[PDB]
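[1] The amino acid sequence is not available; the structure is as follows:
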């Protein structure tokens, strides 16, 4: 579905945001 | 349904955001 | 409902995020 | 309705996010 | 509307989050 | 419509979140 | 569309939030 | 569709949020 | 709700259609 | 919910349409 | 809203269907 | 689901309408 | 709106159906 | 999904309406 | 969009219903 | 899409109904 695929793109973008926060955790620990 | 499955994918991505913030908290605590 | 339950899963994930921010508040105070 | 009730649950979860950020602000102020 | 009012509750919660970030700005400046 | 008006209210609230983050950036710069 | 335009306003607000985070990155580097 | 296109715009904006957080992580690492 | 009231207007119109069919039943019997 | 209640009102109106058609069938049979 | 206005247009069209069926009933009665 | 069950009630009402048309077919044949 | 315009097309088609029933009323009277 | 399954149930009911009208046509032809 | 395109398909089908009723009116007139 | 395909199934069923009305026009003319 068109709308379902677009909603899945938001989840993929939020996963990108979660990965960036893991880098900040690596930055604080470093 | 694909719509509810896509909405569930956003919730799973937000959970990964919560996991990365817990890694940040441990990085500040250490 | 299928869609309603999926939306509730997002709220549960946001609650997880709020709990992680409370750990960061505990980390800054510590 | 279950849909509007589920949407209300997201708003309640975001309010808890605002509460945790106020705890962070007090942690920086102290 | 039921759904419209629930969506407005999310906006009110996000406004609460924005106010909490203003406290963090006051905390960093202090 | 009330639905689109409610969605517009979320966008206005997110804009206030962006404003508070700009206040944080100025607090770090000062 | 009325609803589509309101959803686009949320994306524009999130882009504003992303720009504010870039200022915080400039603040930390400075 | 304009609705799915608008939802895609939110995902693109969240991706820019992830990019700005990666810039923050590099600012802490440097 | 705006949308709910408009949907109720369709049901009222269908009830008008059902009443017209009752007149046709009266016309055939007469 | 008001939306599902409004959709239920359409189903009730269509049932009245079925009742009027049964009155027509009895008018032809008599 | 344009959506509720469009739904209202369907109800108005169904009302015209009820009007034409009342004209049929008068045609059988005469 | 609340909305899904209400939509199923419309299908059940349309099935009632189809059964009434079968009576009219029995009335014409009789 | 794309969806609103498509819904309006259904109302226009129902108006066409109502006009055809007026011809049947003219046919029975003739 | 339950929503699409419910919409499919309406289409199945409308098909039964078409079947009953074909029985009417055979009743007029005989 | 596929949703609005599907809604347009219903309007096209209802137009064919209006065409068949005009054929009925000509069958009664002849 | 799941929902779009289900909506298209309704249009196909309405086309079946329009074809049945053409048989009734053939029945009246015959």
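    Cool, the structure landed. Numbers count the residues shown, from 1 in each chain, chains lettered A, B, ... in the order given.
[2] distance of the spatially closest residue to residue A:21 that is not a sequence neighbour from residue B:7?
    Closest residue to residue A:21 apart from its sequence neighbours, by C-beta to C-beta, 6 or more residues apart in numbering or on different chains: residue B:20 at 3.6 Å. Yep, even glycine has a C-beta here, placed from its N, CA and C like the rest. Relative to residue B:7, residue B:20 is positioned 21 Å away (C-beta to C-beta, to the nearest Å).
[3] quick one: which of those two has more around it?
    The neighbour count for residue B:20 versus residue B:7, taken as other C-beta atoms under 10 Å in any protein chain shown, is higher for residue B:7 (25 against 21).
[4] chain center to the strand or helix carrying that one: distance?
    Per DSSP states H and E, residue B:7 falls inside helix B:2-29. Put simply, helix B:2-29 sits 0 Å off its chain's centre (C-alpha atoms, centre = their mean, to the nearest Å).
[5] tell me which residues of it are tucked away?
    B:2-11, B:13-25, B:27-28 (16 or more other C-beta atoms under 10 Å in any protein chain shown).
[6] which other helices and strands contact it?
    For helix B:2-29, the elements it packs on are helix A:2-29, helix C:2-29, helix P:2-29, judged by 3 or more C-beta pairs under 8 Å, 6 or more residues apart in numbering or on different chains; DSSP states H and E.
[7] If you check chain A against chain I, which residue is the closest one?
    Nearest residue of chain A to chain I: residue A:3, at 17.6 Å (C-beta to the nearest C-beta).
[8] list the contacts for the residue nearest to residue A:21?
    Residue B:20 is in contact with A:18-19, A:21-22, A:24-25, counting by C-beta atoms under 8 Å, 6 or more residues apart in numbering or on different chains.
[9] switch the cut-off to 10 Å
    Taking C-beta atoms under 10 Å, 6 or more residues apart in numbering or on different chains, we find residue B:20 in contact with A:17-25, C:17, C:20, H:21.
[10] and the two most separated of the residues you listed?
    The distance between the two most remote of these (C-beta to C-beta) is 17.6 Å, for A:23 and C:17.
[11] Give the closest residue to residue A:23 in space, chain neighbours not counted.
    Nearest non-adjacent residue to residue A:23 (C-beta to C-beta, 6+ apart): residue H:25, at 3.7 Å.
[12] I'd say the one you found and residue A:17 touch.
    No: Residue H:25 lies out of contact with residue A:17 (C-beta atoms under 10 Å); the separation is 11.9 Å.
[13] any common contacting residues for those two?
    Joint contacts of residue H:25 and residue A:17 (C-beta under 10 Å, 6+ apart) do not exist.
[14] Indicate the residue of chain A located nearest to chain O.
    For chain A, C-beta to the nearest C-beta, closest residue to chain O: residue A:2, 5.3 Å.
[15] quick one: that residue and residue H:6 touch, right?
    No: applying C-beta under 10 Å as the test, residue A:2 and residue H:6 come out as separate, 11.6 Å apart.
[16] follow-up on the earlier one: which residues does the residue nearest to residue A:23 contact?
    Residues near residue H:25 by C-beta under 10 Å, 6+ apart: A:20-28, A:30, G:25, G:28.
[17] mind redoing it with 8 Å?
    A:20, A:23-24, A:26-27.
[18] before we move on, what about residue A:1?
    For residue A:1, the contacting residues are B:2-3, O:2, P:1-4, by C-beta under 8 Å, 6+ apart.
[19] ok, residue A:14 touching residue B:10?
    Yes: between residue A:14 and residue B:10 there is a contact under C-beta atoms under 8 Å: 6.4 Å.
[20] Help me confirm that residue A:13 comes into contact with residue H:12.
    Yes: using C-beta under 8 Å, residue A:13 is in contact with residue H:12, at 7.5 Å.
[21] sorry, back to before: and of the contacts of residue A:1, the nearest to chain J?
    When the contacts of residue A:1 are compared against chain J (criterion: C-beta to the nearest C-beta), the nearest one is residue P:3, at 15.0 Å.
[22] Now that closest one. Nearest residue, chain neighbours left out?
    residue N:4 (4.9 Å).
[23] ok so, going back, so what's the residue of chain A closest to chain I up against?
    B:3, B:6, H:1, H:3-4, H:7, O:3, P:1.
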